[PDB]
């Protein structure tokens, strides 16, 4: 069960949500949190959004009030832990004893080889320090080159374009958001950005850089005042790999957050868990998972009677005039399109069914519909289809079932 003292490695959203719940759930023993970043815990979503505008870090901190009597060692790096001795080695020479150790060390932005040394600025966007460096070089008319058509990339493009900056983007795949988005949505998102002035380069990839210019695998090149790489992340599982835990670019855990090493748990971006919708193990790297999974695992540690994590995946993405929300899977048997798909009236909903069962949904500028659809997906609803394609009230249909 829950052996004290509790030691959490990492101080991001997963860590803060987990420790807050431990307390709320009634745990009153010792709790210590080790954060390598010398920063008061903050949320990352704003780093590519509003923060890029106001640059106010006090407007994006996380609320640790729900987590009383917790000692946060910020600026300190957990160098390793001994699972037999039940201790953690810190970078300041200290050692922390633990009864129950949690690894919520998240992940880190994948680096871009070829751009090794490329004279001009080259950043990744993961931290507040990153956010700050990039924000600086976002001077108007300047030229920004984004490598990666993922969510960080398109969110920065919108913010870069929204500030008089010029934007160019390179993607290796034939479409954007290849990772977790319906193709229907990607074609549109691509259409939207191109329309906002973004130079999209598909099936292209950066091969190098020679004096403030970038080389592409298409024999061509592109000039840029600053390059921001957004090509995915890698789990910060180095410590678990060394302590012999089971992992492969992410730590494997069950619905209780258990790793293959006794008394050691893991949550957040740093883990590969089961997707209840695809029945496959994968790394769910979303804000909702970071928070929801932390609480779930904390809730069960304090009370074994409580169920394991079961929340279904979903996430949002703010890209300029596009308020996107994607839940469940990106495809299935068929997809129903509620509303019209136009660059002028950007407002619509996509529903992904598998053999009649809703397995995913996408809401563009339509938050009213998201909540009910998540409810219907939550129960694998098998609603009409015709009533599902025409102006019916989902809140209601959801209410019916």
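Here, rigid core means the biggest group of C-alpha atoms that superpose within 1.5 Å across both forms. Residue numbers count along the first chain shown, from 1.
With each structure aligned by its rigid core, the stretch whose Cα atoms sit farther from this model in 5 other deposited structures of this protein, between 109-117 and 298-306, is 109-117. Each structure in 5 other deposited structures of this protein is fitted to the shown form on the rigid core, and of 90-98 and 212-220 the C-alphas lie farther away on average for 212-220. The question of which stretch, 311-319 or 72-80, has the higher mean Cα B factor is settled in favour of 311-319. In this entry, 352-360 has the higher mean Cα B-factor, the comparison being between 352-360 and 39-47.
Of the candidates 371, 67, 345, 62, the one whose C-alpha carries the top B factor in the deposited record is 345. Of the candidates 26, 55, 29, 339, the PDB record gives 339 the highest C-alpha temperature factor. Residue 214: CA B factor in the highest third of modelled residues in this chain (values from the PDB entry).
In this PDB entry, the Cα temperature factor of residue 130 sits in the bottom third of its chain's modelled residues, the lowest group. Among all modelled residues in this chain, the alpha-carbon of residue 119 has a temperature factor (C-alpha) in the highest third.
Among all modelled residues in its chain, residue 13 ranks in the lowest third by Cα B-factor. In this PDB entry, the Cα temperature factor of residue 203 sits in the top third of its chain's modelled residues, the highest group.
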